[PDB]
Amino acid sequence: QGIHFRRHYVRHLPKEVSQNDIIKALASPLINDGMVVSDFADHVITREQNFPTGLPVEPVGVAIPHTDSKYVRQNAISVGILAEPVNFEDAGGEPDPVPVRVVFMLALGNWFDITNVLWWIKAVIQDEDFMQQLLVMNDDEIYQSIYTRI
């Protein structure tokens, strides 16, 4: 419970959305609940543009957008499933963009929670049955199976 993960923190996104669109769509539940500052998204964007968070993993591309922890009010996590792949720049400096389709936006300010959530993300994104299921499932199912791992 060190982290707030609500039901409306899980949502699907249409094909006509850009990188900023994803960030804004995912940050707003965090904003409404007052989990982060009210211009969280602008910060996340600027942080992504300098330190890209695209992860080249098979078979479902992941990105994990965040910002400085000094913008978080309480720990929270917002998930987004893309209908079509959207390009995130690769977190490792590789020329080729990650075809992201699952996005874990992190609004964490507690260090001991940050490390734990990252370790978890690393574990989950190497489970191809899980990652693939996240596409076909609905919000609740997604919420359910992710919560079952928290």
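In case it trips you up, residue 1 is the first one in the sequence shown, and so on.
When the two stretches 120 to 128 and 66 to 74 are set side by side, the higher mean Cα temperature factor goes to 66 to 74. Residue 25: CA B factor in the lowest third of modelled residues in this chain (values from the PDB entry).
Annotation for residue 19: C-alpha temperature factor in the lowest third relative to the rest of the modelled chain, per the entry. Per-chain ranking of the deposited C-alpha B factor places residue 61 in the lowest third. The deposited CA B-factor of residue 110 belongs to the middle third of values across its chain.
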